[PDB]
Amino acid sequence: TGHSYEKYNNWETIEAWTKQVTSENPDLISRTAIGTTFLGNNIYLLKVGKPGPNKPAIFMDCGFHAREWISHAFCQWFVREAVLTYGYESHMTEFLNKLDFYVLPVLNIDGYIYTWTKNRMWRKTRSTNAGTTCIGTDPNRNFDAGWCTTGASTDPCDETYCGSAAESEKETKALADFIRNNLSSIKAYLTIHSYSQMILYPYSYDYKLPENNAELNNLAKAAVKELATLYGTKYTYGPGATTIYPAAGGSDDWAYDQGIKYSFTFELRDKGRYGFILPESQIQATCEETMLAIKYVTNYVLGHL
Ligand SMILES: N=C(N)Nc1cccc([C@H](CP(=O)(O)CCCc2ccccc2)C(=O)O)c1
Ligand SMILES: [Zn+2]
């Protein structure tokens with residue numbers, strides 16, 4: 001039950017943590033909920049930064065995919081590092097003064113609970129589907145970006161089911177609703193996954209390249225170089241379609257086509273030795289090196305608005 005930053009925490013524990021870290025840091029963190037899940041859990045959002053007028057923001061979510069436990073761990077790690085180093089480390093101090101980080105600790109809460117209780121390898125949501133006993137939609141194929149046109153299934157029984165319609169899932173509708181309602185301020189979108197050690201940018205739903213792909217490639221390149229300084233961990237990077245494989249309906253592509261010009265999917269450790277079942281013993285090293293890339297991106301975005 002007790003929360004630890006070097007262990008994977010269950011939802012009850014993460015929920016208690018969002019309340020605790022917010023009460024302990026009132027001038028640095030506010031908590032709201034942006035929606036409920038299919039099974040009635042609260043989708044918490046943390047706003048991290050020193051409040052002020054007309055602040056730009058960066059949006060980061062974790063836990064799209066239930067089994068990718070290091071993703072959830074990173075969002076929690078980020079929040080503590082922000083509050084611990086504010087006022088002492090120049091860069092984080094400037095970040096929190098000038099912008100807000102929206103941190104969504106766990107999007108697909110229902111699936112995450114399922115990985116703790118029944119099936120460690122679950123990935124989808126846990127919503128019911130008409131006409132079948134098969135459960136769940138892949139939330140990262142459920143966005144309105146070339147929806148269900150490639151790299152996706154129309155069968156609810158498949159792991160890549162794109163859903164009955166774009167934003168059919170309460171969770172993805174809640175996230176899209178929030179982003180749409182905050183487009184004027186959100187300057188970047190970061191979505192945290194594992195595994196494969198990559199930084200992806202648009203597009204995945206099509207082989208076409210984003211208008212600013214040269215810029216996005218240079219930024220990804222610089223970010224993976226920064227990440228490698230700590231433990232030598234090697235990341236690859238590029239447009240999703242060629243860097244992994246085509247897949248429609250992803251939140252990074254959707255956010256980009258909303259006008260959020262800096263949109264990245266992070267795939268964290270490792271490369272397949274442990275895969276989704278990354279040992280807790282690697283949480284600290286993974287989070288620490290990932291922090292460097294996230295901060296590099298953040299500084300770049302701040303210098304380009
Ligand atoms: N919009 C996007 N970024 N779409 C996208 C493109 C390629 C891959 C993915 C995800 C990757 P993921 O988050 O589950 C991590 C997959 C890790 C992996 C890697 C190799 C073999 C088996 C498993 C997917 O397969 O749904 C999304
Ligand atoms: Zn994933």
# chains A, B, ... in the order shown; residues from 1 in each chain; ligands from 1
>>> residues_around(residues="residue 167 (chain A)", least_positions_apart="3", cutoff="8 Å", atoms="only C-alpha atoms", output="MDAnalysis selection string")
chainID A and resid 142:144 163 170 172:173 176
>>> closest_atom_pairs(of="chain A", to="ligand 2", cutoff="7 Å", atoms="only C-alpha atoms and all ligand atoms", output="Markdown table")
| residue | atom | partner | partner_atom_place_in_ligand_line | distance |
| --- | --- | --- | --- | --- |
| A:64 | CA | ligand 2 | 1 (Zn) | 6.4 |
| A:65 | CA | ligand 2 | 1 (Zn) | 4.8 |
| A:68 | CA | ligand 2 | 1 (Zn) | 6.4 |
| A:193 | CA | ligand 2 | 1 (Zn) | 4.5 |
| A:194 | CA | ligand 2 | 1 (Zn) | 5.6 |
>>> closest_atom_pairs(of="region 49-85 of chain A", to="region 13-24 of chain A", cutoff="10 Å", atoms="only C-alpha atoms", output="tab-separated table")
residue	atom	partner	partner_atom	distance
A:72	CA	A:14	CA	9.1
A:73	CA	A:14	CA	9.7
A:76	CA	A:14	CA	8.5
A:79	CA	A:21	CA	8.5
A:80	CA	A:21	CA	8.2
A:83	CA	A:21	CA	9.2
>>> write_last_selection(atoms="N, CA and C atoms", output="PDB file, in the first residue's frame")
ATOM      1  N   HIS A  72       4.012   4.520 -16.071  1.00  0.00           N
ATOM      2  CA  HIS A  72       3.342   5.068 -14.893  1.00  0.00           C
ATOM      3  C   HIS A  72       4.399   5.546 -13.903  1.00  0.00           C
ATOM      4  N   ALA A  73       5.448   4.747 -13.746  1.00  0.00           N
ATOM      5  CA  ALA A  73       6.487   5.063 -12.777  1.00  0.00           C
ATOM      6  C   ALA A  73       7.183   6.370 -13.139  1.00  0.00           C
ATOM      7  N   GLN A  76       5.280   9.638 -12.075  1.00  0.00           N
ATOM      8  CA  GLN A  76       5.417   9.903 -10.645  1.00  0.00           C
ATOM      9  C   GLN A  76       6.807  10.441 -10.330  1.00  0.00           C
ATOM     10  N   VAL A  79       7.217  14.142 -11.213  1.00  0.00           N
ATOM     11  CA  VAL A  79       6.590  15.073 -10.287  1.00  0.00           C
ATOM     12  C   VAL A  79       7.454  15.339  -9.061  1.00  0.00           C
ATOM     13  N   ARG A  80       8.040  14.293  -8.480  1.00  0.00           N
ATOM     14  CA  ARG A  80       8.905  14.511  -7.320  1.00  0.00           C
ATOM     15  C   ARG A  80      10.148  15.304  -7.699  1.00  0.00           C
ATOM     16  N   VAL A  83       9.365  19.006  -7.842  1.00  0.00           N
ATOM     17  CA  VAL A  83       9.192  19.678  -6.559  1.00  0.00           C
ATOM     18  C   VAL A  83      10.445  19.662  -5.690  1.00  0.00           C
TER      19      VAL A  83
END
>>> residues_near_ligand(ligand="ligand 1", cutoff="6 Å", atoms="only C-alpha atoms and all ligand atoms", output="VMD selection string")
chain A and resid 193 to 196 204 240 244 to 247 250 252 to 253 265
>>> write_last_selection(atoms="C-alpha atoms", output="compact mmCIF listing (two decimals), in the first residue's frame")
# COMPACT_ATOMS: atom_id res chain seq x y z
CA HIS A 193 5.17 4.24 -23.38
CA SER A 194 7.46 1.22 -23.26
CA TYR A 195 9.29 -0.57 -24.59
CA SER A 196 11.85 -0.22 -27.42
CA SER A 204 2.29 6.82 -37.77
CA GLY A 240 6.46 6.52 -36.25
CA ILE A 244 8.44 1.17 -35.81
CA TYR A 245 5.56 0.52 -38.19
CA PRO A 246 2.38 2.26 -39.40
CA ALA A 247 -0.50 2.51 -36.93
CA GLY A 250 -2.58 7.50 -32.08
CA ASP A 252 0.65 11.93 -30.83
CA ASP A 253 -0.58 12.21 -34.44
CA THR A 265 5.88 9.30 -28.18
>>> select_by_dssp(residues="region 27-234 of chain A", states="strand (DSSP E or B)", output="compact mmCIF listing (two decimals) with C-alpha atoms, in the first residue's frame")
# COMPACT_ATOMS: atom_id res chain seq x y z
CA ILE A 29 0.86 21.38 -7.77
CA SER A 30 -2.91 21.41 -8.28
CA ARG A 31 -5.02 18.32 -8.92
CA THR A 32 -8.19 17.95 -10.94
CA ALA A 33 -9.97 15.11 -12.71
CA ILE A 34 -10.67 15.31 -16.43
CA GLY A 35 -13.10 12.41 -16.55
CA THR A 36 -14.02 8.96 -15.33
CA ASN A 42 -11.13 9.13 -11.58
CA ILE A 43 -8.72 10.30 -14.29
CA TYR A 44 -6.49 12.65 -12.31
CA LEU A 45 -4.47 15.44 -13.89
CA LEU A 46 -1.67 17.21 -12.05
CA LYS A 47 -0.80 20.77 -12.97
CA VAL A 48 2.83 21.27 -11.99
CA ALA A 57 2.06 24.51 -20.98
CA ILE A 58 3.50 21.13 -21.85
CA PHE A 59 1.19 18.13 -21.61
CA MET A 60 2.52 14.70 -20.67
CA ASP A 61 0.57 11.51 -20.06
CA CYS A 62 1.54 8.03 -18.90
CA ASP A 100 3.02 24.58 -16.53
CA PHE A 101 3.43 20.82 -16.89
CA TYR A 102 0.16 18.94 -17.16
CA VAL A 103 1.02 15.45 -15.96
CA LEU A 104 -1.57 12.72 -16.37
CA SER A 153 -8.13 -4.11 -36.18
CA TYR A 161 -8.96 -2.99 -31.78
CA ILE A 186 -0.41 23.56 -24.79
CA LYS A 187 2.82 23.92 -26.78
CA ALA A 188 3.95 20.31 -26.66
CA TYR A 189 2.48 16.86 -26.19
CA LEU A 190 4.54 14.02 -24.70
CA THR A 191 3.10 10.52 -24.31
CA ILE A 192 5.09 7.93 -22.38
CA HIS A 193 5.17 4.24 -23.38
CA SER A 194 7.46 1.22 -23.26
CA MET A 198 12.74 5.25 -29.18
CA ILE A 199 11.49 8.79 -29.55
CA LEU A 200 8.75 8.85 -32.19
CA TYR A 201 7.12 11.84 -33.85
>>> residues_around(residues="residue 302 (chain A)", least_positions_apart="5", cutoff="9 Å", atoms="only C-alpha atoms", output="list in words")
residues 56, 95, 98, 99, 187 and 297 of chain A
>>> closest_residue(among="A:282, A:298, A:151, A:292", to="residue 8 (chain A)", atoms="only C-alpha atoms")
A:282
>>> atom_distance(atom1="CA of residue 168 (chain A)", atom2="CA of residue 277 (chain A)")
28.8 Å
>>> select_by_dssp(residues="region 88-131 of chain A", states="alpha helix (DSSP H)", output="number ranges by chain")
A: 90-98, 109-117
>>> write_last_selection(atoms="N, CA, C and O atoms", output="JSON list (two decimals), in the first residue's frame")
[["chain", "number", "residue", "atom", "x", "y", "z"],
["A", 90, "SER", "N", 18.86, 25.27, -11.82],
["A", 90, "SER", "CA", 18.48, 26.44, -12.60],
["A", 90, "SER", "C", 17.41, 26.11, -13.63],
["A", 90, "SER", "O", 16.41, 26.82, -13.75],
["A", 91, "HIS", "N", 17.61, 25.03, -14.38],
["A", 91, "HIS", "CA", 16.70, 24.72, -15.48],
["A", 91, "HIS", "C", 15.29, 24.39, -15.00],
["A", 91, "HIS", "O", 14.32, 24.97, -15.49],
["A", 92, "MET", "N", 15.15, 23.48, -14.05],
["A", 92, "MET", "CA", 13.83, 23.13, -13.55],
["A", 92, "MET", "C", 13.17, 24.34, -12.90],
["A", 92, "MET", "O", 11.96, 24.51, -12.98],
["A", 93, "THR", "N", 13.97, 25.18, -12.26],
["A", 93, "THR", "CA", 13.43, 26.39, -11.64],
["A", 93, "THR", "C", 12.84, 27.29, -12.72],
["A", 93, "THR", "O", 11.73, 27.81, -12.56],
["A", 94, "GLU", "N", 13.55, 27.47, -13.82],
["A", 94, "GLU", "CA", 13.02, 28.29, -14.91],
["A", 94, "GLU", "C", 11.79, 27.65, -15.55],
["A", 94, "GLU", "O", 10.81, 28.34, -15.84],
["A", 95, "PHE", "N", 11.83, 26.34, -15.77],
["A", 95, "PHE", "CA", 10.70, 25.65, -16.37],
["A", 95, "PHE", "C", 9.40, 25.94, -15.61],
["A", 95, "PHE", "O", 8.40, 26.33, -16.21],
["A", 96, "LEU", "N", 9.44, 25.75, -14.29],
["A", 96, "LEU", "CA", 8.23, 25.84, -13.48],
["A", 96, "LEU", "C", 7.79, 27.29, -13.29],
["A", 96, "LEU", "O", 6.61, 27.56, -13.08],
["A", 97, "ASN", "N", 8.73, 28.23, -13.38],
["A", 97, "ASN", "CA", 8.37, 29.65, -13.33],
["A", 97, "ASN", "C", 7.63, 30.06, -14.61],
["A", 97, "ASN", "O", 6.66, 30.82, -14.56],
["A", 98, "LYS", "N", 8.09, 29.56, -15.76],
["A", 98, "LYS", "CA", 7.63, 30.06, -17.05],
["A", 98, "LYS", "C", 6.50, 29.26, -17.68],
["A", 98, "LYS", "O", 5.67, 29.81, -18.41],
["A", 109, "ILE", "N", -6.71, 3.61, -16.47],
["A", 109, "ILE", "CA", -6.69, 3.10, -15.11],
["A", 109, "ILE", "C", -7.29, 1.70, -15.01],
["A", 109, "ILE", "O", -6.79, 0.83, -14.29],
["A", 110, "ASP", "N", -8.38, 1.47, -15.75],
["A", 110, "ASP", "CA", -9.08, 0.20, -15.67],
["A", 110, "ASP", "C", -8.18, -0.94, -16.12],
["A", 110, "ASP", "O", -8.15, -2.00, -15.50],
["A", 111, "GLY", "N", -7.46, -0.72, -17.21],
["A", 111, "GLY", "CA", -6.54, -1.74, -17.69],
["A", 111, "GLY", "C", -5.39, -1.94, -16.71],
["A", 111, "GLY", "O", -4.91, -3.06, -16.54],
["A", 112, "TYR", "N", -4.95, -0.87, -16.07],
["A", 112, "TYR", "CA", -3.82, -0.97, -15.14],
["A", 112, "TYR", "C", -4.21, -1.82, -13.94],
["A", 112, "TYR", "O", -3.45, -2.69, -13.51],
["A", 113, "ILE", "N", -5.40, -1.58, -13.41],
["A", 113, "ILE", "CA", -5.92, -2.42, -12.35],
["A", 113, "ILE", "C", -5.95, -3.87, -12.81],
["A", 113, "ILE", "O", -5.56, -4.78, -12.07],
["A", 114, "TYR", "N", -6.40, -4.11, -14.04],
["A", 114, "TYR", "CA", -6.46, -5.48, -14.53],
["A", 114, "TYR", "C", -5.09, -6.15, -14.56],
["A", 114, "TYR", "O", -4.97, -7.33, -14.25],
["A", 115, "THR", "N", -4.04, -5.40, -14.92],
["A", 115, "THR", "CA", -2.69, -5.98, -14.94],
["A", 115, "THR", "C", -2.19, -6.30, -13.53],
["A", 115, "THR", "O", -1.28, -7.13, -13.36],
["A", 116, "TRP", "N", -2.77, -5.66, -12.53],
["A", 116, "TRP", "CA", -2.42, -5.95, -11.14],
["A", 116, "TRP", "C", -3.20, -7.11, -10.55],
["A", 116, "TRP", "O", -2.75, -7.74, -9.59],
["A", 117, "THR", "N", -4.36, -7.40, -11.11],
["A", 117, "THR", "CA", -5.27, -8.37, -10.51],
["A", 117, "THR", "C", -5.42, -9.67, -11.29],
["A", 117, "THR", "O", -5.55, -10.74, -10.69]]
>>> atom_distance(atom1="CA of residue 202 (chain A)", atom2="CA of residue 295 (chain A)")
20.3 Å
>>> atom_distance(atom1="CA of residue 4 (chain A)", atom2="CA of residue 284 (chain A)")
11.1 Å
>>> residues_around(residues="residue 159 (chain A)", least_positions_apart="4", cutoff="12 Å", atoms="only C-alpha atoms", output="PyMOL selection string")
chain A and resi 65-66+121-126+134-141+151-155+163
>>> write_last_selection(atoms="C-alpha atoms", output="PDB file, in the first residue's frame")
ATOM      1  CA  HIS A  65      -1.150   0.943 -22.231  1.00  0.00           C
ATOM      2  CA  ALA A  66      -1.810  -1.019 -19.066  1.00  0.00           C
ATOM      3  CA  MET A 121       0.031  -8.498 -20.069  1.00  0.00           C
ATOM      4  CA  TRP A 122      -3.281  -6.685 -20.575  1.00  0.00           C
ATOM      5  CA  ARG A 123      -2.999  -3.523 -22.675  1.00  0.00           C
ATOM      6  CA  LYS A 124      -6.444  -2.315 -23.745  1.00  0.00           C
ATOM      7  CA  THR A 125      -9.193  -0.555 -21.814  1.00  0.00           C
ATOM      8  CA  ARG A 126     -11.789  -2.743 -20.075  1.00  0.00           C
ATOM      9  CA  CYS A 134     -14.397  -9.719 -25.933  1.00  0.00           C
ATOM     10  CA  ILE A 135     -13.280  -6.775 -23.820  1.00  0.00           C
ATOM     11  CA  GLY A 136     -11.472  -3.546 -24.466  1.00  0.00           C
ATOM     12  CA  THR A 137     -10.234  -1.076 -27.049  1.00  0.00           C
ATOM     13  CA  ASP A 138      -6.635  -0.013 -27.670  1.00  0.00           C
ATOM     14  CA  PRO A 139      -6.782   3.609 -26.505  1.00  0.00           C
ATOM     15  CA  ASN A 140      -3.848   4.524 -28.735  1.00  0.00           C
ATOM     16  CA  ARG A 141      -5.790   3.514 -31.830  1.00  0.00           C
ATOM     17  CA  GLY A 151      -2.125  -0.941 -38.427  1.00  0.00           C
ATOM     18  CA  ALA A 152      -5.374  -1.514 -36.549  1.00  0.00           C
ATOM     19  CA  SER A 153      -8.131  -4.108 -36.185  1.00  0.00           C
ATOM     20  CA  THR A 154     -11.912  -3.735 -36.356  1.00  0.00           C
ATOM     21  CA  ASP A 155     -12.392  -6.884 -34.257  1.00  0.00           C
ATOM     22  CA  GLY A 163     -12.859   0.872 -31.014  1.00  0.00           C
TER      23      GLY A 163
END
>>> closest_residue(among="A:220, A:130, A:287, A:228", to="residue 75 (chain A)", atoms="only C-alpha atoms")
A:287
>>> closest_residue(among="A:215, A:257, A:158, A:280", to="residue 69 (chain A)", atoms="only C-alpha atoms")
A:280
>>> residues_around(residues="residue 147 (chain A)", least_positions_apart="2", cutoff="6 Å", atoms="only C-alpha atoms", output="list in words")
residues 144, 145, 149, 248 and 249 of chain A
